[PDB]
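*Asks:* Next up is a structure, given as structure tokens.
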Amino acid sequence: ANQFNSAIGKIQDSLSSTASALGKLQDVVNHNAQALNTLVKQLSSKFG
Amino acid sequence: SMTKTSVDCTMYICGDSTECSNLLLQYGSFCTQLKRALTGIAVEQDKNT
């Protein structure tokens, strides 16, 4: 009970201080946002 | 893993002329997507190692 409660408290302190562990899910936001922002810039170029 | 490659649109399409580089910028983001796709292959080939 000293080992298990202190190990789960280090998980809660790491996710609050550092957001870099969730950055695999942040790329799922980022790869969908950069695909939409590139597709809407196709109308500005003249295509010849 | 596979062989990591990178393809430029400038030296491949154009023969180093000023007319080809002016008509390449009218097409816009066609070579923006191709350079970011071959970059994203080469990051994931190092993650396989």
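Ordering of the structure tokens sets the chain letters (A, B, ...); residue numbers start at 1 within each chain; ligands are numbered from 1 in the order shown.
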Give me, as an MDAnalysis selection string, all polymer residues having an atom no more than 12 Å from region 28-45 of chain A, counting only C-alpha atoms and skipping those fewer than 3 positions away in the same chain.
*Replies:* (chainID A and resid 22:25 48) or (chainID B and resid 23:34 36:37 40)
*Asks:* So that I can see what lies close to residue 43 (chain B), please list as number ranges by chain the residues with an atom at most 12 Å from it, counting only C-alpha atoms and leaving out residues fewer than 2 positions away in the same chain.
*Replies:* B: 1-6, 36-41, 45-49
*Asks:* Can those selected residues be exported to a file as a PDB file, in the first residue's frame so that it contains C-alpha atoms?
*Replies:*
ATOM      1  CA  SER B   1      13.420  -0.820 -42.621  1.00  0.00           C
ATOM      2  CA  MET B   2      13.599   0.545 -46.173  1.00  0.00           C
ATOM      3  CA  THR B   3      15.734   3.074 -48.040  1.00  0.00           C
ATOM      4  CA  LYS B   4      15.070   6.672 -46.973  1.00  0.00           C
ATOM      5  CA  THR B   5      14.758   8.948 -50.022  1.00  0.00           C
ATOM      6  CA  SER B   6      14.049  12.632 -50.640  1.00  0.00           C
ATOM      7  CA  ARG B  36       6.196  16.524 -46.136  1.00  0.00           C
ATOM      8  CA  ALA B  37       5.160  12.985 -47.101  1.00  0.00           C
ATOM      9  CA  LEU B  38       8.719  11.824 -47.820  1.00  0.00           C
ATOM     10  CA  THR B  39       9.853  13.495 -44.592  1.00  0.00           C
ATOM     11  CA  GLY B  40       7.201  11.560 -42.657  1.00  0.00           C
ATOM     12  CA  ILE B  41       8.427   8.297 -44.164  1.00  0.00           C
ATOM     13  CA  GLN B  45      12.033   4.433 -40.718  1.00  0.00           C
ATOM     14  CA  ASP B  46      14.216   5.515 -37.791  1.00  0.00           C
ATOM     15  CA  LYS B  47      11.425   4.580 -35.370  1.00  0.00           C
ATOM     16  CA  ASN B  48      11.464   1.053 -36.808  1.00  0.00           C
ATOM     17  CA  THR B  49      15.157   0.783 -35.914  1.00  0.00           C
TER      18      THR B  49
END
*Asks:* Which of chain B end up as helix (DSSP H, G or I) when DSSP is run on this backbone - answer as a CSV table (one decimal) with N, CA, C and O atoms, in the first residue's frame?
*Replies:*
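New file part.csv:
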chain,number,residue,atom,x,y,z
B,9,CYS,N,11.4,19.0,-56.1
B,9,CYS,CA,10.6,19.3,-57.3
B,9,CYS,C,11.4,20.3,-58.2
B,9,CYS,O,11.1,20.4,-59.4
B,10,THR,N,12.4,21.0,-57.7
B,10,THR,CA,13.1,22.0,-58.4
B,10,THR,C,14.1,21.4,-59.5
B,10,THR,O,14.0,21.8,-60.7
B,11,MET,N,14.9,20.5,-59.0
B,11,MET,CA,15.9,20.0,-60.0
B,11,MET,C,15.3,18.9,-60.9
B,11,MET,O,15.8,18.6,-62.0
B,12,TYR,N,14.3,18.2,-60.4
B,12,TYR,CA,13.7,17.1,-61.2
B,12,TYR,C,12.8,17.7,-62.3
B,12,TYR,O,13.0,17.3,-63.5
B,13,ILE,N,11.9,18.6,-62.0
B,13,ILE,CA,11.0,19.1,-63.1
B,13,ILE,C,11.7,20.1,-64.0
B,13,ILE,O,11.6,20.0,-65.2
B,18,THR,N,14.5,30.1,-66.0
B,18,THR,CA,13.6,31.1,-65.2
B,18,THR,C,12.2,30.9,-65.6
B,18,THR,O,11.3,31.4,-64.8
B,19,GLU,N,11.9,30.3,-66.7
B,19,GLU,CA,10.5,30.2,-67.1
B,19,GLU,C,9.8,29.0,-66.4
B,19,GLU,O,8.6,29.1,-66.1
B,20,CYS,N,10.5,28.0,-66.1
B,20,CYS,CA,10.0,26.8,-65.4
B,20,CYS,C,9.7,27.1,-63.9
B,20,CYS,O,8.8,26.6,-63.3
B,21,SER,N,10.6,28.0,-63.3
B,21,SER,CA,10.4,28.3,-61.9
B,21,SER,C,9.3,29.3,-61.7
B,21,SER,O,8.7,29.3,-60.6
B,22,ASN,N,8.9,30.1,-62.7
B,22,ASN,CA,7.8,31.0,-62.5
B,22,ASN,C,6.5,30.3,-62.7
B,22,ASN,O,5.5,30.7,-62.1
B,23,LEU,N,6.4,29.3,-63.5
B,23,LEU,CA,5.2,28.5,-63.7
B,23,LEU,C,5.0,27.4,-62.7
B,23,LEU,O,3.9,26.9,-62.6
B,24,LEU,N,6.0,27.1,-61.9
B,24,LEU,CA,5.9,26.2,-60.8
B,24,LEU,C,5.2,26.8,-59.6
B,24,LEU,O,4.4,26.0,-58.9
B,30,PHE,N,1.3,21.7,-54.4
B,30,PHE,CA,1.5,20.4,-54.9
B,30,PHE,C,2.8,19.8,-54.5
B,30,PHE,O,2.9,18.6,-54.2
B,31,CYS,N,3.9,20.6,-54.4
B,31,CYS,CA,5.1,20.1,-53.9
B,31,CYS,C,5.3,20.4,-52.4
B,31,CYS,O,6.4,20.1,-51.8
B,32,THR,N,4.3,21.0,-51.8
B,32,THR,CA,4.3,21.1,-50.3
B,32,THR,C,4.0,19.8,-49.7
B,32,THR,O,4.6,19.4,-48.7
B,33,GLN,N,3.0,19.1,-50.3
B,33,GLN,CA,2.5,17.8,-49.7
B,33,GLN,C,3.5,16.7,-50.0
B,33,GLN,O,3.6,15.8,-49.2
B,34,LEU,N,4.3,16.8,-51.1
B,34,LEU,CA,5.2,15.7,-51.5
B,34,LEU,C,6.4,15.7,-50.7
B,34,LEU,O,7.0,14.7,-50.4
B,35,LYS,N,6.9,16.9,-50.2
B,35,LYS,CA,8.1,17.0,-49.4
B,35,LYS,C,7.8,16.6,-48.0
B,35,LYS,O,8.7,16.1,-47.3
B,36,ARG,N,6.6,16.9,-47.5
B,36,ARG,CA,6.2,16.5,-46.1
B,36,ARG,C,5.9,15.0,-46.0
B,36,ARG,O,5.9,14.5,-44.9
B,37,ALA,N,5.5,14.4,-47.1
B,37,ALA,CA,5.2,13.0,-47.1
B,37,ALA,C,6.4,12.1,-47.1
B,37,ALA,O,6.5,11.1,-46.4
B,38,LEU,N,7.5,12.6,-47.8
B,38,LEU,CA,8.7,11.8,-47.8
B,38,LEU,C,9.5,12.1,-46.6
B,38,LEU,O,10.4,11.3,-46.2
B,39,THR,N,9.3,13.2,-45.9
B,39,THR,CA,9.9,13.5,-44.6
B,39,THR,C,9.2,12.6,-43.5
B,39,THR,O,9.9,12.0,-42.7
B,40,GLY,N,7.9,12.4,-43.6
B,40,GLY,CA,7.2,11.6,-42.7
B,40,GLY,C,7.5,10.1,-42.8
B,40,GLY,O,7.2,9.3,-41.9
B,41,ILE,N,7.9,9.7,-44.0
B,41,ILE,CA,8.4,8.3,-44.2
B,41,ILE,C,9.8,8.1,-43.4
B,41,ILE,O,9.9,7.2,-42.7
B,42,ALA,N,10.6,9.1,-43.6
B,42,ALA,CA,12.0,9.0,-43.1
B,42,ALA,C,12.1,9.2,-41.6
B,42,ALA,O,13.1,8.7,-41.0
B,43,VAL,N,11.1,9.7,-40.9
B,43,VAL,CA,11.0,9.7,-39.5
B,43,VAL,C,10.6,8.3,-39.0
B,43,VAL,O,11.2,7.8,-38.0
B,44,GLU,N,9.7,7.7,-39.6
B,44,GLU,CA,9.1,6.4,-39.2
B,44,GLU,C,10.1,5.3,-39.6
B,44,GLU,O,9.9,4.2,-39.0
B,45,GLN,N,11.0,5.5,-40.5
B,45,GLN,CA,12.0,4.4,-40.7
B,45,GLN,C,13.1,4.4,-39.6
B,45,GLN,O,13.6,3.3,-39.3
B,46,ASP,N,13.3,5.5,-39.0
B,46,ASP,CA,14.2,5.5,-37.8
B,46,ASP,C,13.5,5.0,-36.5
B,46,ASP,O,14.2,4.6,-35.6
B,47,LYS,N,12.2,5.1,-36.5
B,47,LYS,CA,11.4,4.6,-35.4
B,47,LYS,C,11.3,3.1,-35.5
B,47,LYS,O,11.1,2.4,-34.4
B,48,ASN,N,11.4,2.5,-36.7
B,48,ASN,CA,11.5,1.1,-36.8
B,48,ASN,C,12.8,0.5,-36.3
B,48,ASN,O,12.8,-0.7,-35.9
